[PDB]
Amino acid sequence: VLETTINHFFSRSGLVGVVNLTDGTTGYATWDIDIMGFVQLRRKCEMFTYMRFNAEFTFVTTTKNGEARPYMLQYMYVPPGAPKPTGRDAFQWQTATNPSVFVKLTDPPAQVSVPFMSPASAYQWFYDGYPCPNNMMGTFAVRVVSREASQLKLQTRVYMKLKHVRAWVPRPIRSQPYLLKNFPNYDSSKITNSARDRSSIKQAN
Amino acid sequence: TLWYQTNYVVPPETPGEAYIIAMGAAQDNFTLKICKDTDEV
Amino acid sequence: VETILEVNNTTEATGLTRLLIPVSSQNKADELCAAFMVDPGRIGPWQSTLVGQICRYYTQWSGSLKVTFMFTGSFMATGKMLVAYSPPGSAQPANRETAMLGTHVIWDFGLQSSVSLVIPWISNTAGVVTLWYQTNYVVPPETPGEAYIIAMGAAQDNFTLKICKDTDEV
Amino acid sequence: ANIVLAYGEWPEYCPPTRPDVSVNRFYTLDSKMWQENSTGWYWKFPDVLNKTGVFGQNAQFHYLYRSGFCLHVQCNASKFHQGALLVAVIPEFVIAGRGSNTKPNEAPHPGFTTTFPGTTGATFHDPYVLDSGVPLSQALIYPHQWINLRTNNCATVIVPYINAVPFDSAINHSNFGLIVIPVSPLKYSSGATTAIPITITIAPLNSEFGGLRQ
Amino acid sequence: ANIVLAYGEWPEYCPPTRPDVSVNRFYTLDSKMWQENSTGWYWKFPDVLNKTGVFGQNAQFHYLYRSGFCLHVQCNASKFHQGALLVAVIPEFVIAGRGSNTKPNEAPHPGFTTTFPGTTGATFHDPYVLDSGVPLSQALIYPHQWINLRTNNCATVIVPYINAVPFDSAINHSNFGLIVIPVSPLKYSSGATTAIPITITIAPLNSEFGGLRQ
Amino acid sequence: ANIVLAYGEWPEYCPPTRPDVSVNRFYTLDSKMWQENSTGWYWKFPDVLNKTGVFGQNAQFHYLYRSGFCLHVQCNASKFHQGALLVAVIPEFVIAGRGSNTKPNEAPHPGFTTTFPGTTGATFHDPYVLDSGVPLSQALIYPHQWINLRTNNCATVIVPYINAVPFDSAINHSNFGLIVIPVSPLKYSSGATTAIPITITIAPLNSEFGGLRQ
């Protein structure tokens, strides 16, 4: 009776986003935090109307082939409202109010915690009305700390875990396939039935 | 199973065709365990 | 005492059928059914009632009124109506959602069979009582799709009369 | 009668003006004509009564709004008709767009007359997916009643204020939607009434307005 | 059932013989066949039961009469018929003559079969004026009931002795009349019964007879 | 400050709705520019605020009206200006017509912009007769104050509901008028301000509305 609580239903790590770095030829790599990314956690968070949770973010950065050389890396959390960095050596990296994490490739993966950062009392993704740009959750830039330009292409994996999650106003589970990222657009034609067909109604197929 | 037992008797000026809606739920004894990602997606 | 109003006082009507408001099933919704004034001391539907004939012997009247509807129709037929009072100074409403903002009762046929609307206060520019088809007149087979409404009207304990005068029906 | 209280909570005040006189009256909408080939209807509530009388005037010229609702849905038919309706309230009922395009600037989106129908409601196009890509077979998770034409003819739902913020605009944000769906279609013998009415009355319980911006 | 007491008074004795055994029985008249084009019926009561059994024998061979009445009007129809009846008692119901003559010796007058119909009643010619020049729209001033074929099927009226003299002849003076009028006409679909019955039962409560002139 | 209570009575309720929130606010009219050759101004009060905000909306869409008023007339000039104003309220202030015709269908009558000026007031043509044929020398019988530019610069008048009927229409009947008249004209040396402002604020004390006819 403990594996059925909402906290246990949501609290578990798992891939939430793949970021590609090149360091040629843009140098840096941004990533907007959204939990609606994959179609596996989107189906679990569209089951509830309101949610409230803290997040644990884990950064696992590998190289192209796989070998890890000891280079410094800067991760930068951009809170909602702050401007995103525009270049590899812009002034948004040196801003003291953007919390940064300095970690090497040979070190264990990075791990940070992000609290509830919405001006309302809980997150919501189904917003029936017109302004939902209310829950931005931040941004996560990453670059290679170095004076000159390095010659490696990296590959970062952001694993998200949810903690202290509370849910309100449950709603049914979506059966139709997805078409967009921010809209529940289904297809009018080719509506998939929620139950596989059988031969007759008087059987046990 | 669901069996016609006696009939569907009906007076005149009334349609001789109706429907049955079947619903289903669990009880307080129902318990669940050992999680796994679904396969509808 | 309640008394049947002659709300169907138009032409091409026989003797008794002037006392009945017809309602039919081939009659689209969010649409008007009937409308009449409230002032009893005036030519119109309130001339066939008893309070109208009594308040003609007197030159001033005041107080509240009471209009009672009764649905003469089949038992298996249901549907809703919107009874709407609009106070003096306002014209007859043109839409059902405009009347729903005034004084209104949603009176259905299934549960109730006789609604009553109290007219708050009228002096001696009179106020209009409208009656709107709201949902439909739904009916099962082998049942007539045409019924009637009998409208009745009376005074209240607040109703007072004063300054006599000989009538003019004679 | 059996009254369904939405989520077991009564609508209460904020722990703003309170009309209490002309806003606690039964706004009766027009009757909808339910037929054999009908699909369903839905209404968005904080913009269903934005053009009707005292509530519309006091909700258009204000800026903050908070109220619950008391819904009454009568469905008066004869004793020879048969069918069933599902009447349910849905918090944050987002109308989906029907199309087969994956480009964000080419995929279809519903218009203003579809998302916000007004005091005349709107009809479903695909009631099997609630026009939201979500099946109505499990739409019984919401506060709901059945109107079975052989048992009763009325339904009643008292719904509180469901929102993450204590105050919100009554024009640019519909709080919840009402949905009536004929799960079992209407049948009748020849000679009966071919279309039966559905009447809806609304009572704005515990209304609060703020920011008189005229 | 709902019982209407005429003018709020119970029929009582004179403060004369009292049968009390065979006169306090339910005299049931024949059923009247109400149809679509029917107009109405009226009965004169102290001469409706002047040919029927013990009351008729004890009222024809006496000279003074005083009694109240208990009327029961059943109107049994199906659940598919619709209509409405107005049943009302009228003290001193004088049948008018229908004509356009102002000469007293040439103006028409109703016959004996029209003023005193008997145990078979009589039908109206112009029910809008009650055959008395007085409109039926305000005929609700009398003790009355409505028989609405969607609410009930019976009516009951207990009427006392309404007269200016404590005793009167039961043959040459009808005390009051009963009037049944189909305000709303009878409607029915094809295949149903085209004419529905109306049954009347009479109970002579508190009867008193005097002057046994045989 | 010295407050003049009109006829020694405070405005009170009827022994109807009561807004009490947005109607008890200081409605400030535009400033009138008093000059050397000015004559005077008058305002009709239940139609001065019939186009301004909450009071105008709640008084146009109702049918019965009853309220008192709290008037504040500021007249801010320098210490080098001189003059005097007479500010007085007149119950049932009927504007007369100016002409020399005795025929009822040819004598002049004031227009709608003269009898009911609105929120911008109107100027006198003959202030010696108050535009009513009645001299202003004995206009001190009304509740009045003097604004003498060497003693004070403000006046205040609390006036109750003066009418023969407890309720009246706020559109078709002006209850009373406010009149400001420069009895002593304005004088000033060269180089000073050639026109001085007059500001009026209104507080609808104890308002009551009835008959929400929308």
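Residues numbered from 1 in each chain as written, not as in the entry; some residues may be left out. Chains lettered and ligands numbered in written order. Part of a larger assembly, values for the part shown. Heavy atoms only, no water.

Per the deposited record, cryo-EM is how this structure was determined, to a resolution of 3.3 Å.

**Student:** Tell me about the overall build of chain B, residues and numbers included.
**Tutor:** Each helix and strand in chain B was counted, giving zero helices and zero strands. If you line up chain B on its principal axes, its C-alpha atoms span 55 × 30 × 15 Å. Across the 41 residues of chain B, 2% fall into the buried class. For chain B, the computed accessible surface area is about 4500 Å², with 55% contributed by carbon and sulfur atoms. (Helix = DSSP H or I, 4+ residues; strand = E, 2+ residues; numbered from the N terminus. Buried < 20%, exposed > 50% of the residue type's maximum accessible area, 1.4 Å probe, protein only. Areas by Shrake-Rupley, 256 points an atom, 1.4 Å probe, with all protein chains shown as cover.)

**Student:** Before we move on, could you go through the packing of aromatic side chains and cite the residues and values that matter?
**Tutor:** Scanning the model with the defined rule gives 48 aromatic pairs over all chains in all. Between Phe57 of chain A and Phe140 of chain A, the aromatic rings sit 5.4 Å apart at their centres with planes inclined by 85°, giving edge-to-face as the arrangement. Each of the two residues, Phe57 of chain A as well as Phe140 of chain A, counts as buried. For the ring pair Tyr130 of chain A and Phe116 of chain D, a centre distance of 5.8 Å and an interplane angle of 40° mean the geometry is tilted. (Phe/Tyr/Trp six-rings, centres within 6.5 Å; stacked < 30°, edge-to-face > 60°.)

**Student:** Outline helix α1 (residues 53-60) of chain F, listing residues and values.
**Tutor:** Buried residues of α1 of chain F: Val54, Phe55, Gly56 and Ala59 of chain F, and no others. At its buried positions, α1 of chain F is contacted by β2 (27-28), β5 (64-66), β6 (69-74) and β13 (208-210) of chain F. (Contact = heavy atoms within 4.5 Å.)

**Student:** I'd like to hear about the interface of chain B and chain A, residue by residue, with values.
**Tutor:** Listed as interface residues are eight residues of chain B and, on the opposing side, seven residues of chain A. Here chain B and chain A share zero salt bridges between them. Counting across the chain B and chain A interface gives one residue pair in polar contact. In terms of residue class, the side of chain B that touches chain A is built from four nonpolar, one polar and three charged. (Salt bridge = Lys/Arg side-chain N within 4 Å of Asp/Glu carboxyl O. Polar contact = N/O pair within 3.5 Å; in protein donor to acceptor, adjacent residues only side chain to side chain. Nonpolar A, V, L, I, M, F, W, Y, C, P; charged D, E, K, R; others polar.)

**Student:** Any chance you could break down the sheet that holds strand β7 (residues 128-133) of chain C for me, citing the residues and the numbers?
**Tutor:** Residues and elements named next belong to chain C. The strand order across the open sheet formed by four strands is β2-β7-β4-β5, and the pairing between neighbours is antiparallel. In the strand order of this sheet, the two ends are held by β2 (31-37) and β5 (103-108), each with one partner. Taken over all neighbouring pairs, the strand axes of this sheet differ in orientation by 20° on average, direction set aside. Sheet topology places strand β4 (residues 80-86) next to β5; six bridges connect them, and they run antiparallel. The residue bridging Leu82 from the neighbouring strand is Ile106, located in β5. (Pairing = 2+ DSSP bridges. Axes fitted to C-alpha atoms, helices over the stretch in contact; angles between N-to-C directions.)

**Student:** Describe the pattern of salt bridges, with residues and values.
**Tutor:** All chains considered together, the criterion is met by 16 salt bridges over all chains. Measuring nitrogen to oxygen at the nearest pair gives 2.9 Å for the salt bridge that ties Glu46 of chain A to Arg42 of chain A. A salt bridge links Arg56 of chain C to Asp168 of chain C, with the shortest nitrogen-to-oxygen separation between them at 3.5 Å.

**Student:** Requested: an account of the sheet that holds strand β9 (residues 144-148) of chain F, with residues and values cited.
**Tutor:** All names here are of chain F. Taking strand neighbours across the sheet as the criterion, the five strands line up as β8-β4-β11-β7-β9 in an open arrangement whose pairing is antiparallel. The strands lining the two open edges of the sheet, one partner per strand, are β8 (122-123) and β9. Both strand β4 (residues 41-44) and β8 contribute to a ladder of two bridges, which runs antiparallel. Within β8, the position partnered with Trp41 by the bridge is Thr123.

**Student:** Can you lay out the interface of chain D and chain C for me, pointing to particular residues and giving the numbers?
**Tutor:** With 37 residues of chain D in contact, the opposing surface of chain C contributes 33 residues. The junction of chain D with chain C conceals about 2400 Å² of combined surface from both sides, 63% of it contributed by carbon and sulfur atoms. Connecting chain D to chain C are zero salt bridges. Applying the counting rule to chain D against chain C returns 23 residue pairs in polar contact. Listing elements by their share of the side of chain D that touches chain C, those giving two or more residues are β2 (27-28), β3 (32-34), α1 (53-60) and β12 (196-203) of chain D. With six residues, β12 of chain D is the single largest residue contributor to the side of chain D that touches chain C. (Buried area = accessible area lost by both parts, 1.4 Å probe.)

**Student:** Give a detailed account of a nonpolar patch on the surface, specifying residues and quantitative values.
**Tutor:** On the surface, a cluster of nonpolar side chains totalling about 330 Å² of accessible area is made up of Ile54, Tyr57, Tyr58 and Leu161 of chain C. Structurally, the position occupied by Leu161 of chain C is in strand β9 (residues 160-164). (Patch = residues over 30% accessible without salt bridge, like charges linked within 9 Å, V, L, I, M, F, W, Y side chains within 5 Å.)

**Student:** For the arrangement of the chains, give the residues involved together with the corresponding values.
**Tutor:** Across the nine pairs of chains in contact, the largest number of contacts is found between chains C and D. Chain E makes no contact with chain A, the minimum C-alpha separation between the two being 38 Å. At no point do chain B and chain E touch; the closest pair of C-alpha atoms across them sits 10 Å apart.

**Student:** I'd like to hear about unusual backbone geometry, residue by residue, with values.
**Tutor:** Phi is positive for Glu12 of chain C, which is not a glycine, with a value near 45°. Mapped onto the secondary structure, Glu12 of chain C falls in the segment before β1 (20-24). Of note in the backbone geometry, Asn206 of chain F takes a positive phi value of approximately 55° without being a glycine.

**Student:** I'd like a description of the side chain of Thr130 of chain C, backed by residues and values.
**Tutor:** With respect to the secondary-structure elements, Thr130 of chain C resides in strand β7. A polar contact of 3.1 Å, which involves the side chain of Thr130 of chain C, links it to the side chain of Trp132 of chain C.

**Student:** Describe the nonpolar core, naming the residues involved and giving the relevant values.
**Tutor:** Residues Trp34, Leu49, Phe55, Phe69 and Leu178 of chain D are the most contacted members of the largest nonpolar core, which totals 45 residues. When contributions to this core are tallied by element, the ones reaching two or more residues are β4 of chain C together with β4 (41-44), α1, β6 (69-74), β7 (82-91), β10 (154-159), β11 (176-187) and β12 of chain D. Among residues more than four places away in sequence, those in contact with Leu49 of chain D are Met100 of chain C together with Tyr27, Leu29, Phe55, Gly56, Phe69, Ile202 and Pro204 of chain D. (Core = buried A, V, L, I, M, F, W, Y, C linked by side-chain atoms within 4.5 Å.)

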